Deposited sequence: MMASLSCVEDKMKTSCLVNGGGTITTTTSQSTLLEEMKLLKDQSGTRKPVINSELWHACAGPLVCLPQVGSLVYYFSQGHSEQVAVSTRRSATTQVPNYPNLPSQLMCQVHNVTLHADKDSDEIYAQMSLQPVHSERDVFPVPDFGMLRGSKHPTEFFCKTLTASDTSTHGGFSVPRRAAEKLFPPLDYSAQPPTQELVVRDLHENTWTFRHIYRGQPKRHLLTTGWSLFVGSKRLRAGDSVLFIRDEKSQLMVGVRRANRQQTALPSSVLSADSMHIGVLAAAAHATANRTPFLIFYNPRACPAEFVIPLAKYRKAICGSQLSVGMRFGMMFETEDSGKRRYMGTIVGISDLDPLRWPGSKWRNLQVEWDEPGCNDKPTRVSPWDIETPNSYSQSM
């Protein structure tokens, strides 16, 4: 049974764009370690060894990309198989990878943070008008309650019926019967998000994000050492290595399409003082451009990773707000 790519993408976030299979990429060991530190709640220790043969940006070809979701937690991540390429001799032509499909977000969707009344025993889930009119089939507004049943599929192949009703003073679109069963069964709370989409097959699907336990196989350090050693050993032998990317836990993508890297680096010219826009995901899974200024250009970590493009742009924001946005970003993160 095959995992729904679009719902996976809706859940992943609007800015998530995965490398295509068969494509060249740059793999940034520092970005990898960052994702591991999040998962490990502890940062990459000072001791992790030197790998002289492992560059800060390792050109690979994508052997495979697969999409995963956990049925109890709703954790999602992609597994990518990357082979480092040192010359054209290391590069499988793209046809050798068979037919590929795009990694696309659904164009019809909505996403909402759950309120307290979305999760209360009575009250139901309130749907915004435009979302109900775009995503649900049209109601018979002459019915004494206008109402219908929606059959919705989740990312784990389970089906759920929700009663969709239009009532109240003022009238509101609500999901009632079956909604509280979903909330109960999945242990959703206020603060979590729920998303509805139509996929390419016009299937009505539903996805979940959860707001805000250590491994007892390997120490945090060994996991951090293993990240580095697997890449260094793959580089030496030109063998495939498998990375995981969790787009809800990962602070920044660390597998960067060559085309994206080139547009940002090779052609461009960046300076301290420069103005720039960076896209951020918004609460309803939209995108919003935030402006700032480059205030420095320098190595994130001059000792371990000299000259690394990873997070080498020190930036300040026009609207810092709660000091939400990162103080360092990478050249491929900005537009101008």
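**Q** Extract from the deposited sequence all ranges with no corresponding C-alpha coordinates, numbering residues from 1.
**A** Missing C-alpha atoms (numbering from 1) occur across the ranges 1-48, 261-265, 390-397.
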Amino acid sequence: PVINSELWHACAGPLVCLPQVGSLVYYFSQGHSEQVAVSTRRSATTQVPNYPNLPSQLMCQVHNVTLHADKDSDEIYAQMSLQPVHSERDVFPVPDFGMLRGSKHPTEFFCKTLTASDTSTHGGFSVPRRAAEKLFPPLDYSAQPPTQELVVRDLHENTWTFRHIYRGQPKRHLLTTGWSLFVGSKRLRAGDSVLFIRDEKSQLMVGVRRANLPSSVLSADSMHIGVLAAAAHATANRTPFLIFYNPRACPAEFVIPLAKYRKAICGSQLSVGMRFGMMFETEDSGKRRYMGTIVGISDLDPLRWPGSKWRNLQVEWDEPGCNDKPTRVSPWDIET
From here on, numbers count along this sequence of modelled residues.
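**Q** In the PDB record, does 73-81 or 262-270 carry the higher mean Cα temperature factor?
**A** Per the PDB record, 262-270.
**Q** If you average the CA temperature factors as listed in the entry, which stretch comes out higher, 97-105 or 156-164?
**A** Of 97-105 and 156-164, the stretch with the higher C-alpha B-factor average is 156-164.
**Q** In terms of recorded Cα temperature factor, pick the maximum from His173, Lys201, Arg248, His86.
**A** Answer for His173, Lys201, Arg248, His86: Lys201, with the highest C-alpha B-factor.
**Q** Quick one: which of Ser29, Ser285, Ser43, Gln35 has the biggest Cα B-factor according to the entry?
**A** That would be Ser43.
**Q** What third of the chain does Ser126 rank in for C-alpha temperature factor, lowest, middle or highest?
**A** Tercile = lowest for this residue's CA B-factor.
**Q** Looking at the entry's B-factor column for C-alpha atoms only, identify whether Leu54 ranks in the lowest, middle or highest third of its chain.
**A** Within its chain, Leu54 is a middle-third residue by C-alpha B-factor, going by the deposited values.
**Q** Relative to the other modelled residues of the same chain, rank the CA B-factor of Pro257 and answer lowest, middle or highest third.
**A** For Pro257, the deposited C-alpha B-factor lands in the middle third.
**Q** Among the chain's modelled residues, which third holds the C-alpha B-factor of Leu303?
**A** It belongs to the highest third of the chain when residues are ordered by C-alpha B-factor.
**Q** With respect to C-alpha B-factor, does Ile3 fall in the lowest, middle or highest third of the chain as deposited?
**A** Highest third.
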